[PDB]
Amino acid sequence: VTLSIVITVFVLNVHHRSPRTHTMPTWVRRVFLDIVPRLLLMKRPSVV
Amino acid sequence: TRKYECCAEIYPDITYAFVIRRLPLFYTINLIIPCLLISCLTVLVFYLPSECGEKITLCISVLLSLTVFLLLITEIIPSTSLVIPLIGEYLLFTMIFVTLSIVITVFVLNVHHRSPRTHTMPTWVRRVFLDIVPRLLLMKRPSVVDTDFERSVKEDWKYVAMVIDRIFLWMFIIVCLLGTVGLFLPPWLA
């Protein structure tokens, strides 16, 4: 549960990032928006 | 053998010295580790974004937990005032620093919620907390220009809050590690 608290702090930090403060690395984009979502059977909607 | 003020003769005695050692696996499982786990959450408040609105909840809970543990230990150890347990020292110092984090976190929250309609950014703040300090902390602000004035200064205030947060995240980690090793390593190395 303590480990989950740490991970939740990190996830909250990630969720509240914007281009005005952080820049998205290309590897983060690739991995976490192409590979992992497919494996976890979660599909993002194709919107532009 | 020794002489007492009662009587003029020598009264012998035999003193037995029982040197006993406690097996430190019950109180380590039940007091130490639960104390350490809470102490691990002391620093996370500085990595929590202000917009989440949970900073105060995290540090307040940590403080009220460490306080409870100190009282539980207070009911085990004798009330003698000659020496202080190492566990008592560590808990107390963490409580002092957790309290310091609450004060800092309150101040950081105030900085994050400032806009031109209420406050004015001083010239040197823009120089120090947006140009110099971010470079040192290896956090680089993306180069973005916003036409709006009350969304660019408002966003600058938010970034200043993050920079102040990152300063103490580094400082507390150093202090937390130095304090722990600087307290429990001396005894281990008799």
# chains A, B, ... in the order shown; residues from 1 in each chain; ligands from 1
$ residues_around --residues "region 167-179 of chain B" --least-positions-apart "5" --cutoff "10 Å" --atoms "only C-alpha atoms" --output "list in words"
residues 39, 40, 42, 43, 44, 45, 46, 47, 90, 93, 94, 97, 98, 101, 104, 105, 133, 134, 136, 137, 162, 184 and 185 of chain B
$ residues_around --residues "residue 3 (chain B)" --least-positions-apart "6" --cutoff "12 Å" --atoms "only C-alpha atoms" --output "PyMOL selection string"
chain B and resi 9-13
$ interface_residues --of "chain A" --to "chain B" --cutoff "10 Å" --atoms "only C-alpha atoms" --output "PDB file with N, CA, C and O atoms, in the first residue's frame"
ATOM      1  N   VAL A   1       0.831  -1.199   0.000  1.00  0.00           N
ATOM      2  CA  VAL A   1       0.000   0.000   0.000  1.00  0.00           C
ATOM      3  C   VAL A   1       0.868   1.251   0.000  1.00  0.00           C
ATOM      4  O   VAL A   1       0.538   2.250  -0.645  1.00  0.00           O
ATOM      5  N   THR A   2       1.981   1.227   0.732  1.00  0.00           N
ATOM      6  CA  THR A   2       2.923   2.341   0.674  1.00  0.00           C
ATOM      7  C   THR A   2       3.504   2.488  -0.726  1.00  0.00           C
ATOM      8  O   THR A   2       3.644   3.606  -1.244  1.00  0.00           O
ATOM      9  N   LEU A   3       3.848   1.366  -1.357  1.00  0.00           N
ATOM     10  CA  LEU A   3       4.325   1.425  -2.732  1.00  0.00           C
ATOM     11  C   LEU A   3       3.263   2.015  -3.650  1.00  0.00           C
ATOM     12  O   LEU A   3       3.573   2.793  -4.559  1.00  0.00           O
ATOM     13  N   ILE A   5       1.001   4.174  -2.749  1.00  0.00           N
ATOM     14  CA  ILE A   5       0.957   5.609  -2.477  1.00  0.00           C
ATOM     15  C   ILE A   5       2.037   6.329  -3.271  1.00  0.00           C
ATOM     16  O   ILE A   5       1.799   7.392  -3.853  1.00  0.00           O
ATOM     17  N   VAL A   6       3.245   5.767  -3.295  1.00  0.00           N
ATOM     18  CA  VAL A   6       4.329   6.378  -4.068  1.00  0.00           C
ATOM     19  C   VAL A   6       3.964   6.428  -5.548  1.00  0.00           C
ATOM     20  O   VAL A   6       4.118   7.459  -6.220  1.00  0.00           O
ATOM     21  N   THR A   8       1.017   6.352  -6.887  1.00  0.00           N
ATOM     22  CA  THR A   8      -0.084   7.283  -7.094  1.00  0.00           C
ATOM     23  C   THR A   8       0.393   8.725  -7.084  1.00  0.00           C
ATOM     24  O   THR A   8      -0.110   9.550  -7.850  1.00  0.00           O
ATOM     25  N   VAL A   9       1.355   9.057  -6.225  1.00  0.00           N
ATOM     26  CA  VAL A   9       1.942  10.392  -6.270  1.00  0.00           C
ATOM     27  C   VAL A   9       2.576  10.636  -7.633  1.00  0.00           C
ATOM     28  O   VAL A   9       2.391  11.693  -8.249  1.00  0.00           O
ATOM     29  N   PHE A  10       3.330   9.653  -8.129  1.00  0.00           N
ATOM     30  CA  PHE A  10       3.971   9.815  -9.432  1.00  0.00           C
ATOM     31  C   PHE A  10       2.940   9.950 -10.550  1.00  0.00           C
ATOM     32  O   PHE A  10       3.107  10.763 -11.467  1.00  0.00           O
ATOM     33  N   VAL A  11       1.867   9.164 -10.493  1.00  0.00           N
ATOM     34  CA  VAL A  11       0.839   9.218 -11.527  1.00  0.00           C
ATOM     35  C   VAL A  11       0.107  10.550 -11.489  1.00  0.00           C
ATOM     36  O   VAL A  11      -0.231  11.113 -12.533  1.00  0.00           O
ATOM     37  N   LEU A  12      -0.186  11.057 -10.292  1.00  0.00           N
ATOM     38  CA  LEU A  12      -0.801  12.374 -10.187  1.00  0.00           C
ATOM     39  C   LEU A  12       0.111  13.441 -10.764  1.00  0.00           C
ATOM     40  O   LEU A  12      -0.354  14.363 -11.442  1.00  0.00           O
ATOM     41  N   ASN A  13       1.413  13.344 -10.497  1.00  0.00           N
ATOM     42  CA  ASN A  13       2.346  14.296 -11.086  1.00  0.00           C
ATOM     43  C   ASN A  13       2.324  14.217 -12.606  1.00  0.00           C
ATOM     44  O   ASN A  13       2.363  15.245 -13.289  1.00  0.00           O
ATOM     45  N   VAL A  14       2.270  13.004 -13.155  1.00  0.00           N
ATOM     46  CA  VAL A  14       2.286  12.854 -14.608  1.00  0.00           C
ATOM     47  C   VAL A  14       0.999  13.395 -15.221  1.00  0.00           C
ATOM     48  O   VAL A  14       1.022  14.047 -16.269  1.00  0.00           O
ATOM     49  N   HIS A  15      -0.142  13.122 -14.589  1.00  0.00           N
ATOM     50  CA  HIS A  15      -1.429  13.470 -15.181  1.00  0.00           C
ATOM     51  C   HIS A  15      -1.590  14.972 -15.344  1.00  0.00           C
ATOM     52  O   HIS A  15      -2.288  15.423 -16.256  1.00  0.00           O
ATOM     53  N   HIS A  16      -0.962  15.762 -14.474  1.00  0.00           N
ATOM     54  CA  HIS A  16      -1.114  17.210 -14.469  1.00  0.00           C
ATOM     55  C   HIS A  16       0.038  17.915 -15.174  1.00  0.00           C
ATOM     56  O   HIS A  16       0.441  19.009 -14.768  1.00  0.00           O
ATOM     57  N   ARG A  17       0.577  17.311 -16.226  1.00  0.00           N
ATOM     58  CA  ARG A  17       1.638  17.916 -17.018  1.00  0.00           C
ATOM     59  C   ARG A  17       1.047  18.522 -18.279  1.00  0.00           C
ATOM     60  O   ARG A  17       0.105  17.978 -18.860  1.00  0.00           O
ATOM     61  N   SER A  18       1.595  19.656 -18.691  1.00  0.00           N
ATOM     62  CA  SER A  18       1.149  20.370 -19.876  1.00  0.00           C
ATOM     63  C   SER A  18       2.370  20.856 -20.637  1.00  0.00           C
ATOM     64  O   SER A  18       3.473  20.910 -20.083  1.00  0.00           O
ATOM     65  N   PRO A  19       2.209  21.211 -21.914  1.00  0.00           N
ATOM     66  CA  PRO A  19       3.366  21.682 -22.690  1.00  0.00           C
ATOM     67  C   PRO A  19       4.019  22.923 -22.119  1.00  0.00           C
ATOM     68  O   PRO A  19       5.188  23.185 -22.420  1.00  0.00           O
ATOM     69  N   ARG A  20       3.301  23.702 -21.312  1.00  0.00           N
ATOM     70  CA  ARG A  20       3.866  24.914 -20.740  1.00  0.00           C
ATOM     71  C   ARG A  20       4.870  24.629 -19.631  1.00  0.00           C
ATOM     72  O   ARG A  20       5.589  25.547 -19.228  1.00  0.00           O
ATOM     73  N   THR A  21       4.935  23.401 -19.137  1.00  0.00           N
ATOM     74  CA  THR A  21       5.823  23.048 -18.034  1.00  0.00           C
ATOM     75  C   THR A  21       6.715  21.858 -18.349  1.00  0.00           C
ATOM     76  O   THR A  21       7.869  21.835 -17.916  1.00  0.00           O
ATOM     77  N   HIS A  22       6.213  20.871 -19.086  1.00  0.00           N
ATOM     78  CA  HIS A  22       6.974  19.680 -19.429  1.00  0.00           C
ATOM     79  C   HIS A  22       6.852  19.422 -20.921  1.00  0.00           C
ATOM     80  O   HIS A  22       5.899  19.855 -21.573  1.00  0.00           O
ATOM     81  N   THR A  23       7.831  18.701 -21.456  1.00  0.00           N
ATOM     82  CA  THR A  23       7.843  18.294 -22.851  1.00  0.00           C
ATOM     83  C   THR A  23       7.823  16.775 -22.924  1.00  0.00           C
ATOM     84  O   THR A  23       8.543  16.100 -22.183  1.00  0.00           O
TER      85      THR A  23
END
$ atom_distance --atom1 "CA of residue 117 (chain B)" --atom2 "CA of residue 166 (chain B)"
26.3 Å
$ residues_around --residues "residue 43 (chain A)" --least-positions-apart "4" --cutoff "12 Å" --atoms "only C-alpha atoms" --output "number ranges by chain"
A: 32-39, 47
$ atom_distance --atom1 "CA of residue 35 (chain B)" --atom2 "CA of residue 96 (chain B)"
15.0 Å
$ residues_around --residues "residue 63 (chain B)" --least-positions-apart "3" --cutoff "7 Å" --atoms "only C-alpha atoms" --output "PyMOL selection string"
chain B and resi 59-60+66-67+95+98-99
$ write_last_selection --atoms "N, CA and C atoms" --output "PDB file, in the first residue's frame"
ATOM      1  N   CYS B  59       0.515  15.397   3.846  1.00  0.00           N
ATOM      2  CA  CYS B  59       1.463  15.726   4.906  1.00  0.00           C
ATOM      3  C   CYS B  59       0.794  15.763   6.273  1.00  0.00           C
ATOM      4  N   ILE B  60      -0.461  16.207   6.346  1.00  0.00           N
ATOM      5  CA  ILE B  60      -1.166  16.202   7.624  1.00  0.00           C
ATOM      6  C   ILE B  60      -1.319  14.777   8.134  1.00  0.00           C
ATOM      7  N   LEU B  66       2.939   9.906  12.665  1.00  0.00           N
ATOM      8  CA  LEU B  66       4.179   9.886  13.429  1.00  0.00           C
ATOM      9  C   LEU B  66       3.928  10.273  14.877  1.00  0.00           C
ATOM     10  N   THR B  67       3.020  11.222  15.106  1.00  0.00           N
ATOM     11  CA  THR B  67       2.693  11.613  16.471  1.00  0.00           C
ATOM     12  C   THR B  67       2.129  10.439  17.259  1.00  0.00           C
ATOM     13  N   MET B  95       9.133  14.325  12.878  1.00  0.00           N
ATOM     14  CA  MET B  95       7.965  15.148  13.167  1.00  0.00           C
ATOM     15  C   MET B  95       8.270  16.625  12.962  1.00  0.00           C
ATOM     16  N   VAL B  98       8.504  17.059   9.151  1.00  0.00           N
ATOM     17  CA  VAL B  98       7.176  16.962   8.550  1.00  0.00           C
ATOM     18  C   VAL B  98       6.396  18.243   8.801  1.00  0.00           C
ATOM     19  N   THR B  99       6.486  18.783  10.017  1.00  0.00           N
ATOM     20  CA  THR B  99       5.860  20.067  10.306  1.00  0.00           C
ATOM     21  C   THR B  99       6.424  21.160   9.411  1.00  0.00           C
TER      22      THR B  99
END
$ residues_around --residues "region 78-88 of chain B" --least-positions-apart "5" --cutoff "8 Å" --atoms "only C-alpha atoms" --output "ChimeraX atom specification"
/B:70,73,183-184
$ select_by_dssp --residues "chain B" --states "alpha helix (DSSP H)" --output "number ranges by chain"
B: 26-27, 33-40, 55-74, 86-112, 123-127, 133-136, 152-188
